[PDB]
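Here is the structure we will look at, set down as structure tokens.
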Amino acid sequence: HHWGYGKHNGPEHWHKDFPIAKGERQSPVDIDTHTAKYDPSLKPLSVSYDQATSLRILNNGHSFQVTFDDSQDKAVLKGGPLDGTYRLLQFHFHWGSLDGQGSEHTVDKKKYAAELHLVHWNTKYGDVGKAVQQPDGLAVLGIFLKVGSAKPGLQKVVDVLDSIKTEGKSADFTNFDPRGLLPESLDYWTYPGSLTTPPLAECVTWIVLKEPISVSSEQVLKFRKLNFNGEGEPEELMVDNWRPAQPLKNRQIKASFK
Ligand SMILES: NS(=O)(=O)OC1CCN(S(=O)(=O)[C@H]2O[C@H](CO)[C@H](O)[C@H](O)[C@H]2O)CC1
Ligand SMILES: [Zn+2]
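Take any residue in the sequence shown, note its place counting from 1, add 2, and you have its number in the UniProt record's numbering.
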């Protein structure tokens, strides 16, 4: 039917409605750390989030997302492998039913408990709808989550999740600072890829940070209380909303660090 993460509408089915699922630059991928090549020509990442304006938090039926005002150059990603300025639009997560899975990218086949995606679009294309039609339209900053100590910066997010339990629910979510979700190091891998959900458009420069953030078991367990379903429908926990690693094909993963 309409796509999802279940047995009958999961990642293995997506190619039927979205044939680009089997394309030449699909995401996520396994990051083979010994094969990634250090590229000394990569500029450092510029993450400028000091003026970020969060608007709302939303259960969109496949994850939850915090949305930002992208009508001007407030929160932007620059440098690294990127040319030009990319505006922060939203962030969301992918996570598992258990701590041993949940991430979309993997590192030497290692799966993390979850993965955070900060989604930015290239301002030269004017709006995100136009950007997703371009090979360099989007830049997604991917951050791994492992389970251990709590991430204080994440707690304001986890505390309102019970108010957006089911598909379509949203809440005001102002004055959230996404800087509290970043690890210490901005060391990264980068490769050309795609959206990891339908329409799987091949429009993304992926920037995946080497250093995971630690979140607590209690924080992740609140992720797993969300529902795929709308209210009044049979309750199906929002867990394992991750696409597995896709063939690397004719691509090279570059590292910003030795
Ligand atoms: N998981 S992922 O790799 O981060 O995938 C993306 C990230 C962001 N989108 S999205 O396609 O760019 C984008 O598309 C729309 C316009 O088509 C919307 O208005 C969304 O606001 C927006 O996220 C959906 C999925
Ligand atoms: Zn994502």
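The C-beta atom is built at its ideal place from N, Cα and C for all residues, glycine as well.
Residue range of the unbroken beta strand (DSSP E) whose run includes residue i
i      : result
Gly195 : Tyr190 to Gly195
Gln92  : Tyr88 to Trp97
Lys80  : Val78 to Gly81
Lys148 : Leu140 to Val149
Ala173 : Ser172 to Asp174
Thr198 : Neither: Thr198 is in no beta strand (DSSP E) and is coded neither H nor E.
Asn124 : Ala116 to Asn124
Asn61  : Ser56 to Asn61
Contact belief for residue i with residue j at Cβ below 8 Å, rounded distance in angstroms
i      : j      : result
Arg226 : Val241 : 5 Å
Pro185 : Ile215 : 5 Å
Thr199 : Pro83  : Going by Cβ atoms, the distance from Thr199 to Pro83 rounds to 23 Å, so no, they are not a contact pair.
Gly234 : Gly170 : Contact doesn't hold; Cβ gap of about 11 Å is too wide.
beta-carbon residue i near ligand 2 non-hydrogen atom, thresh 8 Å
i      : result
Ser105 : no
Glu117 : yes
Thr199 : yes
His122 : no
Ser65  : yes
Residue nearest to residue i in terms of C-alpha spacing, selected from the options
i      : options                          : result
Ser172 : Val121, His17, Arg58 and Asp34   : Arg58
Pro201 : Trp123, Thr176 and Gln135        : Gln135
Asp110 : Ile33, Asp138 and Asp85          : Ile33
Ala247 : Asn11, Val31, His3 and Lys18     : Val31
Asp189 : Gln103, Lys9, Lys212 and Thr176  : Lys212
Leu100 : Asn11, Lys260, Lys251 and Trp244 : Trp244
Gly8   : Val162, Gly63 and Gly81          : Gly63
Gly86  : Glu106, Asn124, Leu60 and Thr108 : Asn124
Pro154 : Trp5, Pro236 and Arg181          : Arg181
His107 : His3, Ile209 and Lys224          : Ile209
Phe20  : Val142, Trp191 and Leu197        : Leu197
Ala203 : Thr176, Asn177 and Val142        : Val142
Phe93  : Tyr114, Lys112 and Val121        : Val121
Endpoints, the alpha helix (DSSP H) within which residue i is located
i      : result
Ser219 : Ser219 to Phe225
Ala133 : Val130 to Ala133
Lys158 : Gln157 to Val160
CB of residue i within 9 Å of CB of residue j, strictly
i      : j      : result
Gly144 : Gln28  : no
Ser48  : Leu90  : no
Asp75  : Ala257 : no
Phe146 : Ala116 : yes
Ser218 : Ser151 : yes
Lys24  : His15  : no
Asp179 : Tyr51  : yes
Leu118 : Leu183 : yes
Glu220 : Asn229 : no
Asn61  : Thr168 : yes
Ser43  : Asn177 : no
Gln53  : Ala77  : yes
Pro46  : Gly98  : no
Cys205 : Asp138 : yes
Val162 : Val222 : no
beta-carbon residue i near ligand 1 non-hydrogen atom, thresh 8 Å
i      : result
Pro194 : no
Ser56  : no
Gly128 : no
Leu211 : no
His94  : yes
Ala141 : no
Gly131 : yes
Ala23  : no
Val31  : no
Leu91  : yes
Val134 : yes
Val78  : no
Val68  : no
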